[PDB]
Structure formats: C-alpha cells, structure tokens
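Throughout, a chain's letter reflects where its sequence line sits, starting with A, and its residues are numbered from 1. Each ligand, and each atom within it, is numbered from 1 in the order the structure gives.
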Protein chains: 4
Amino acid sequence: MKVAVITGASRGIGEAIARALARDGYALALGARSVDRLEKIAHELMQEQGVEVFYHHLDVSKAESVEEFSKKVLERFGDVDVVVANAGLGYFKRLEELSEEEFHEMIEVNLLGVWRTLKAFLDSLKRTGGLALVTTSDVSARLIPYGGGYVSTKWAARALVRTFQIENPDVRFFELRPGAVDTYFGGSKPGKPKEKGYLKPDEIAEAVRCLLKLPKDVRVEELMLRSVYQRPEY
Amino acid sequence: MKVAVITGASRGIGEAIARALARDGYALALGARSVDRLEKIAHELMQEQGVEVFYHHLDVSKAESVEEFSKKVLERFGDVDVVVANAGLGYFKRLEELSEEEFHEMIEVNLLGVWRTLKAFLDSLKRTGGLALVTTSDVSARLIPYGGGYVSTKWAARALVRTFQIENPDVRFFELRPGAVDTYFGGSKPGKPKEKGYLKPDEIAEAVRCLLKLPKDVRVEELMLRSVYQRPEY
Amino acid sequence: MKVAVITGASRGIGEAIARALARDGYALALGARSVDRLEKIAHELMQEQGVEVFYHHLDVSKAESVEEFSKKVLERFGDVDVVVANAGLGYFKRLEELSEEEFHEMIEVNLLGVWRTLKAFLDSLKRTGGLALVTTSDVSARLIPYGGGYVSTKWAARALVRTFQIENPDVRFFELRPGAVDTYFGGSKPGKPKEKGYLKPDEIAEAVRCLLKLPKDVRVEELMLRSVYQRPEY
Amino acid sequence: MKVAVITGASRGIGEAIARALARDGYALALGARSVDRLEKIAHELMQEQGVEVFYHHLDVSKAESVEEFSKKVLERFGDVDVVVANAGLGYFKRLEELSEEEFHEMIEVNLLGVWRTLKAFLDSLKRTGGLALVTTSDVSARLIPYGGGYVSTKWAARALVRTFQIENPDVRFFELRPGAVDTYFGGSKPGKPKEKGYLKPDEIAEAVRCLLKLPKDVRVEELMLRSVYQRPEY
Ligand SMILES: NC(=O)c1cc(O)c[n+]([C@@H]2O[C@H](COP(=O)(O)OP(=O)(O)OC[C@H]3O[C@@H](n4cnc5c(N)ncnc54)[C@H](OP(=O)(O)O)[C@@H]3O)[C@@H](O)[C@H]2O)c1
Ligand SMILES: NC(=O)c1cc(O)c[n+]([C@@H]2O[C@H](COP(=O)(O)OP(=O)(O)OC[C@H]3O[C@@H](n4cnc5c(N)ncnc54)[C@H](OP(=O)(O)O)[C@@H]3O)[C@@H](O)[C@H]2O)c1
Ligand SMILES: NC(=O)c1cc(O)c[n+]([C@@H]2O[C@H](COP(=O)(O)OP(=O)(O)OC[C@H]3O[C@@H](n4cnc5c(N)ncnc54)[C@H](OP(=O)(O)O)[C@@H]3O)[C@@H](O)[C@H]2O)c1
Ligand SMILES: NC(=O)c1cc(O)c[n+]([C@@H]2O[C@H](COP(=O)(O)OP(=O)(O)OC[C@H]3O[C@@H](n4cnc5c(N)ncnc54)[C@H](OP(=O)(O)O)[C@@H]3O)[C@@H](O)[C@H]2O)c1
C-alpha cells in the first residue's frame, strides 16, 4: 500500500496523474482550490479503482494552506510515498506588458508553491525514501518570447528541485518537463487537437505511472516529453 | 508489427532493452561485435518471447560496417520503428594521461558511431515516424574528474542527437541519460551491488519499454535516471 | 557624452562599477536605499573624475520606487546608454529552514527588481541601442547547498535577461556572473582576503569597464569570472 | 615580461589576439600551418610593437606536430603565461550530408587539437599560474541547423575545457565564445560587413586583451559575445 499526494489535482495533468496512480492502487491525497472537482474525482476513483482518496482545499500560494493541507494528509494516511507538486499557471505577455500581479501569482504558485509543498512533506518523504515529482515545463531549460515571467519561474523551480535533491539525498526528486499539454493551462480549455502541438494529460500520466513502477532504488530525475506536433526547440 | 534495431546489444543496457522490447513483441535487429553473444540472445528471445530476431556483426567505429548492417536490417525487415544507438565505452584518466588511442576510440563509438547509426536508418525512421533512442549518459550535461575524454564525447552526442531532431522533425529522438549502471562498462563486469551506486540494466530497460508504449505522437526527448546510491550531482 | 544608471550603487560591485565608469567619463545615475552613501560617492566622483552624477533613493523591491527613480533619471539626463541592474542579496540556509520573508526578499530584489529596472529604462535603451548589464552570479547556472533560495532567483534572473534580449533585439543585454566577491553580500563586510576565495569589486568593475569600451555593435552577452581561490565548480 | 602562445595565429581571431597582446608587450609564440603568414605577422609585430616573436609550423590535428611545437616554444622562452588554443574550423551541412572526412577534421582540430595544445603546455601553465584561453563558439552551448558536426565538437571542447579546469585548479581556463566573426571561417574571406551579423576579430581581441590585464588571481571562465546584427539565439 502506497500513498501519493497530488497538488493541482482538480484538472489537467494533476488529475490525470491521480487517475493513473489510482489504476496502480495508490491511496491518494488530492489538493487544489476547486474542492467540488476534487470531491467528484475522489468519489469516482474510490468506487471504480477501489483506492482510498482523501481530498482537501489547497491554495499553494498560501503558506498556512499548505501547512494545514499537509497536516491533514499526514494525519489521514501517515507517511507519504509520492508527492506530486504539480499546481502551476502561466500568463504570456512581453515582459514590459506583464503585470506585477501576474508575475507575483506565477512566482507564488510555480516556485514558492512547489517549495512549500515539498518542504511540508519533506520529513515524511525522507522516512519513506519517497519520490517528489515536480511538474515544471520543457521551458525550465529554454526560453520563449512572451514567456519571460512563466519561464523565469520554471527555471527557478528547476533550481529549487535540484537543490532540494542535493540537500536531501535520501529522497528522490523527479522533474517532469512537459511541453504544451491540452489542459486549461494558459486560459484555455481541454479539447485542443494533438495536431496543433499538444500532449494529452493521460499520456503524461501514463509516462509517470509507468516510471513510478520502477524499484525504489531507481531515481528518475528528469523526463522531458513533447508532442511530435510541437516544434523541437531547445 | 514493429521493428527495433539495437546497437551494443551483446550485453549491458542494450541487451536489457532488447529483452524488454521482446516482452512487448517487437521484432529485433541486434548489432555488436560479439556475434556469439547476439546469437545466444537471439535464439532465446525467439523461443521464449516468440519474436523475430535478426542479428549481424556491427562495429560502429567503421563506416562500412554500419552501412552493411543497416542494409541487411532493412532488407530483412523493411522499415524500422525504433533505433537504439546504445553502443558506447569509457576510459577514465586525467586528461593529460588519456592516450590518443583511448580518446579516438571513445570518439568513434560514442559520437561518430551514434552519428553513423542514426544516419543509416534516418530515411526509414522518417517514413515510419519512428523513434531513435541514444544512450548517452547523465554526464552528457555535467562534468566529472577523470572523465574528460568520455564526457566530452557524451556532450558531443547530446548536441548531435538534438541537431538530428531539429533537422528531422518527422522523427522522434530520445536521449537516454543513465548514471552508473552495473554492466561491463569502464572495464568492469556485472554483479556490482546497487548499493555501491549502480542501476541495473533491466531497470533502465523497463523505463525504456514502458515509455515506448506511449502513443506515436508522444516524443520523449530526455530521460535522466540514476541509482539512489549514486550521489546526486549536476 | 554617455549616461550609465547603476542600481545597488551604494557599495560593493555597483559602487565599483560606478567608479570605473566614472574613470571613462560616463555621466552616472546612482540608485540604492542608502542615500547617504550615494551622496558621498557622487560628490567624490564629480570632483575627482569630473563627471556628472545624479543620485536618488531606489528600493527595487517596490514598483513605485523604481518608476519614480527612472522618471527622475530620464528627466535629469535624457536617454540612458547603460543600465546596470546590480542590486541583489542572498540568504543561505537549507531550503526547509529558509523563511518566507527571506525567500520573498530575494525574489523581490534579485528577480522582480531586475525586471522593474530593465522595464523602466527599456524604451530609452531601445532608442540609444544601449546596454543593460545584470549582475546575476555564477550560480545563475549551477547549484550550491544552502543556496536554494538565492540560486533559484538567479536562475530566474538569467531566464529574465535572456528573454528581455529575445524580445528586444535592438538592446544589448549582458549577464555578469561573478563568483564570491569581497563585499557586504551574505551579511558580511569588505576586507576578506582574496585567498579565502574572493574577487574584489574593483576587479569585476575593471572587467566591466573595459568590455564597455567595445564598439556599440558588439553585444557582450555573458561573462563569468571567479577568484583562482574559489574552487572551479559547475 | 609575459609569454603568450597562440594557435591558429595565421589569420582571423588568433592573429587579432596576437596583435592585441603584442600591444601590451607580450612575447609571442605563434603556430599555424601557414608559416609564411606567421613570419609576416611576426616581423611586423617585432618591429612595430617591439616584442619578441617566435613562430613555428603547427598542425594541431597531429600529435607529433603539437609536441614538437611546444618543445620548441618552451625551449625558446621558458615557461609560458598564456596559451590561446584558437585553431578551429567548420563545415556546415545537414548531418546525413556531412562526410566522414569533414567530421573527422573538425574533431581533430576543434576538440583533439585543443586537448593536445593544452596538455602540451599544461605543466608550464601550472608553474606560472597561467591562463589557457580556448576559442570555442557561442554554439558550444546551443544548436543550429546544418551545424551538427561543428556544434558537437564545440560542445565537446567546452566539456574538455571545464574538465581541464576541474583537474587543474592551479591554472586558469577561459572559454571564449564568439558568435559569427568576419574571418576565413566557414570557407569565407574577411571583408564581410558588421551589418550582415559579424563581429570583427580586432573587437574580440580587444575583449581578450583587456580581460587579460586583470590581476593573476582573477579567473575569467567564460565570455560570450556576438554582433548586435546576429539574432540573439540560445
Ligand atoms: N498544459 C501545458 O501546456 C503546460 C505546459 C508546460 O510546459 C507546463 N505545464 C505545467 O503543468 C502543471 C499543471 O498544469 P496543467 O494541468 O497543464 O494546467 P491546468 O489545467 O490549468 O491545471 C492547473 C492545476 O493547478 C492548480 N492550481 C493553480 N493555482 C493553484 C493554487 N494557487 N493552489 C493550488 N492549486 C492551484 C489548478 O487547480 P485549482 O486550484 O482547482 O484551480 C489546476 O488543478 C503546471 O505546473 C503547469 O505550469 C503545463
Ligand atoms: N554502465 C555505465 O556505468 C554507464 C553509465 C552511463 O552514464 C552511460 N552508459 C552508456 O550506456 C551505453 C551502453 O553501455 P553499457 O551497457 O553500460 O556497457 P557495456 O556492458 O560495456 O556494453 C557496451 C556495449 O557496446 C558495444 N560496443 C562497444 N564498442 C562497439 C563497437 N565499436 N561497435 C559496436 N558495438 C560496440 C558492446 O558490444 P561488443 O561490440 O559486443 O563489445 C556492448 O554491447 C554506452 O553508450 C555507455 O556509454 C553506461
Ligand atoms: N558578493 C558576492 O559574493 C556575490 C556573488 C555573486 O555570485 C553574485 N553577487 C551579486 O552581486 C550583486 C551586487 O551585490 P554585492 O555588491 O556583492 O553585495 P552588497 O555589498 O551587499 O551590495 C548589494 C547592493 O545592492 C543594494 N540593494 C539591496 N537591496 C536593494 C533594494 N531593495 N533596492 C535597491 N538596492 C538594493 C544595496 O544597497 P542599499 O539599498 O543601499 O542597501 C547594495 O548597494 C548582487 O546582485 C549579488 O547577488 C554577489
Ligand atoms: N569566425 C567565426 O564565424 C567563428 C564563429 C564561432 O562561433 C567560432 N569560431 C572559432 O574561432 C576560432 C578561430 O577561427 P576564425 O579566426 O574565425 O577562422 P579562420 O579565419 O578560418 O582561422 C582559423 C585559424 O585556425 C588555424 N587552423 C586550422 N586548422 C589548423 C590546424 N590543423 N592546425 C593549426 N592551425 C589550424 C588556421 O591556420 P592555418 O593552419 O594557417 O590554416 C587559422 O589561423 C576557431 O576555433 C573557430 O571555430 C569562429
């Protein structure tokens, strides 16, 4: 029996990873701001996959929300085995057009939210030799016009993840670097065709699930994957 | 229904990938200099996994060998779906002690070998929208003392793979970057325990197999994985 | 005939750059929170180097301060030729011990400060084909234990500077990446000997000055320099 | 009195660096295949700059040529202070079009030539706390279509230089990363206008000279500079 915590679990990649891990029998602890969505997913997975699911409001932009979430998760399940720090968002504007508010929100979720998530479960993961997966972006290590605020936070997250790894060699840290994915990311909605340059979240979640089946001594550090319909840029 | 070519298939990571892909029913075309080893692996997989296996001598340091190998593979199977450019070797010495011969051999296998392999199958992979996996190393993007020769060829290989990808957006190129693996690499023999800082080839091959089950529109570009017992260095 | 704006000009690297550029006859616009320090530096350089110097309070953590500073600079001099976005700070703790306040302050100065600085002067620099120098760090592209907060903001700054450059090909962006420098950085005071692994600010400022003498068509993008007494880590 | 060895000194960047260093009074040891050119430069610099100049045939693709060159240089001057490993060449073709010969030549000059150059003077530089400058390319850390052979060797050279640095912390290694420069590089001839995307070698050599005036305790590790007329790509 293993326990996976997933942030940003209410839709898109996080929801997909929850579903895939449920298929392998993980107990799940789900967090996001959209509690209605979390409840709906949880009931479905409990019944259809026969897993235990816990869910709780989580706003990773707020220190106290992360703290309370983790306290409740740890109370529910004991120690965790997998933490998926996946919540993120993107605003895309030339850097002189990007607002203070937009840049701050991206920093609070994509960077500090990850940091808060990982630190909250860190002692637990150290005990379990667990796996923290952080969904950054393929743009954690390249640049795009209009991406300056988003990209800067994803480079920062990459550095954060690797630094957590250096500081905690008893835990396994996995940077997941998808290209464009057909989600609500970037003010959009699912339903966008693969051909317009998008992965589907269920493909990503399947990449994840199947790597998480590796033995506990394997540390998958980095996975970058994009649609064949996305131009291969570096 | 699908055909995987594997270089350095006589042992270690390449053999393991051959075994894993045979479990998924791939037809195999195996190349290495140790034909005795290839024949032994081939008969086993044909009988035990029910797959078609072709094998042929291949020395990736020799242009003419790679060309002949590829011609014979293509004749046997028609177009290929997967090409695993895995052959490689390492000599570890301070840069002033490394010999001309040692450096040239590493260049010829780790860089020019990969190049010859991918170019020989490039038109085929373009037709099939196939996948070229290259086993570089985690040191394709970091440095180690005593590794200057080895590392420099792996950095070169990374640039090569990425350039192939930019030049051929109709093909999927996957850079596989393992840390230390328990094989014959670096003048050693299998049997070294995980705890000394080694992944096992069958772990690398299962990560590969399961990522190769993703739909054809998914382009896995990079995977870096290491033993938990290997210090996390970047 | 040319005008250089320098943030964090009250001490350390920024003061040194101001002094070096004054030797070359640049008019200077100095910003920092320590106005006492700026006034003292300004009077000296006006008399001893014969240059025009303007100074004004600047807190790069505050949008309104940067906007006011830039408005006053532009009013005083017209368009600027050089903008040195140098203000920065570091708190060094394991990622789980770093405080919310420490992380936010680093974000606000090292990342958002730089952003505000460059955007405030961007239209000016576009007119003059000018040069924006940002003092990041050698750790804008490597990791250190205890530096996760600091490093993550410097990785973010690197991505920011490069994105500014892609978005504004009519401006020259120069990422200056020093190693350890003997300043007040990291809660210290100047006077630490070179042998303990420190460059002196006047060495960094002379590297800058002399690269700033290159013709206007030359775009110096990156300079990384460290003391011989600092271990060469990547 | 200081001694600078320069490979690829017969034209372009290497010649320019010789000229600039002569202006600062360095004794010079020049190597390239074009001995007539070297003699012409040497006579000019001896008379006009009053420096000592030694020159000797050097083909960095040949181990024995490098060895003999270094022996003769060390015999002439004693220990050296600066070694500029600058010889290089580029062929630009899609990777499946690039010939064995072209790729080998690039490897022999851009990679192994550098290695041979640096190892030959390594003991000398260790005694003098000297500076080895290697002219790689801005493409030592990015990719270009048609550049696969060239770029791969420049990534390899970057790794080599940094590895020499890790292995020899008593020597200073400087990676010089120009963009396009108006030389004979790439089968061209000087005279190309700056506006078509080119630096002039004398600008590069001036960047170099002036950084080489820094104290001996300063280790300039990396300098990347391009023309404002070259698109800023990463
Ligand atoms: N899709 C792509 O194209 C693409 C490309 C790429 O390179 C990287 N990525 C990265 O993929 C990861 C998942 O994004 P993705 O699945 O594609 O996006 P979307 O469908 O918008 O779901 C966002 C989820 O995050 C949650 N969430 C948001 N704010 C929160 C908060 N304050 N506190 C807690 N949760 C918060 C939000 O939930 P809610 O709170 O209920 O609104 C929702 O579950 C991110 O790191 C991206 O940067 C994507
Ligand atoms: N193991 C590690 O620690 C570690 C760490 C890391 O980061 C990356 N890697 C990388 O993993 C890849 C597979 O190596 P691995 O499995 O660990 O090594 P080993 O057990 O020695 O098997 C070598 C195979 O290559 C073949 N082969 C050799 N020369 C050949 C030639 N000229 N032509 C054709 N084939 C040639 C050789 O066959 P044979 O020709 O019959 O002698 C044998 O099948 C390499 O790229 C590494 O750089 C490893
Ligand atoms: N020294 C190193 O070891 C090392 C290593 C490395 O790799 C990178 N770096 C980087 O070098 C750059 C200059 O730092 P450095 O000269 O070494 O540090 P220090 O002597 O503390 O002077 C800091 C200056 O910044 C100013 N400043 C601070 N907050 C401000 C604010 N909110 N608004 C406006 N200004 C603000 C502060 O002025 P004041 O406002 O009057 O208190 C002072 O003038 C930074 O980006 C480092 O990250 C350093
Ligand atoms: N110019 C650019 O656009 C650009 C862009 C970039 O990113 C990097 N780079 C890099 O800049 C450095 C100097 O190249 P650059 O000055 O621009 O090129 P060019 O005018 O062709 O002079 C080449 C010199 O090398 C010598 N040489 C050649 N083979 C030799 C051998 N076997 N042994 C010894 N020497 C040999 C040759 O002399 P010779 O032997 O008499 O024919 C000549 O002096 C290289 O590393 C580039 O990769 C350039």
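Polar contact check, B/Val109 against ligand 2: no nitrogen or oxygen pair lies under 3.5 Å apart. Inclusion of A/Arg33 in the set of residues having an N or O under 3.5 Å from an N or O of ligand 1 is warranted.
Ranked by closest heavy atom to atom 12 (C) of ligand 2, the top entry among B/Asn86, B/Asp36, B/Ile13 is B/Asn86. Within the set B/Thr183, B/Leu112, B/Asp59, B/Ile17, the minimum heavy-atom distance to atom 1 (N) of ligand 2 is found for B/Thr183. Among A/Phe69, A/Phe185, A/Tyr198, the residue whose heavy atom sits closest to atom 47 (C) of ligand 1 is A/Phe185.
With a heavy-atom cut-off of 4.0 Å, B/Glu15 does not touch ligand 2 at all. Neither the backbone nor the side chain of B/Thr7 has a heavy atom within less than 4.0 Å of ligand 2. The part of B/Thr136 lying near ligand 2 is the backbone, judged by heavy-atom distances below 4.0 Å. Contacts with ligand 4 closer than 4.0 Å are made by no heavy atom of D/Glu108, backbone or side chain.
Residue contacts with ligand 4 do not include D/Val139, since none of its heavy atoms lies under 4.0 Å from the ligand. Contact between B/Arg11 and ligand 2 is present, with at least one heavy atom of the residue lying under 4.0 Å from the ligand. Residue contacts with ligand 4 do not include D/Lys62, since none of its heavy atoms lies under 4.0 Å from the ligand.
When only non-hydrogen protein atoms are considered, atom 3 (O) of ligand 1 lies nearest to A/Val181 N, 2.9 Å. Nearest protein heavy-atom neighbour of atom 38 (O) of ligand 4: D/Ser10 OG, 2.9 Å. Here the heavy atom of the protein found nearest to atom 27 (N) of ligand 1 is A/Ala87 CB, 3.7 Å. The single protein non-hydrogen atom nearest to atom 26 (C) of ligand 1 is A/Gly8 CA, 3.6 Å, given as residue, atom name and distance. Counting protein heavy atoms only, atom 33 (N) of ligand 1 is closest to A/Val60 N, 2.9 Å.
Using modelled atom types and a 3.5 Å distance limit, the side chains of A/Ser140 and A/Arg177 yield a donor-acceptor pair.
Note on A/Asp182 versus A/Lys200: salt bridge recorded, some NZ/NE/NH1/NH2 to OD/OE distance being below 4.0 Å. Under 4.0 Å is where a charged nitrogen must lie from a carboxylate oxygen, and between A/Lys154 and A/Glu175 no such pair does.
When each atom of ligand 4 is checked for a heavy atom of D/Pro178 under 4.0 Å away, the hits are 6 (C), 7 (O).
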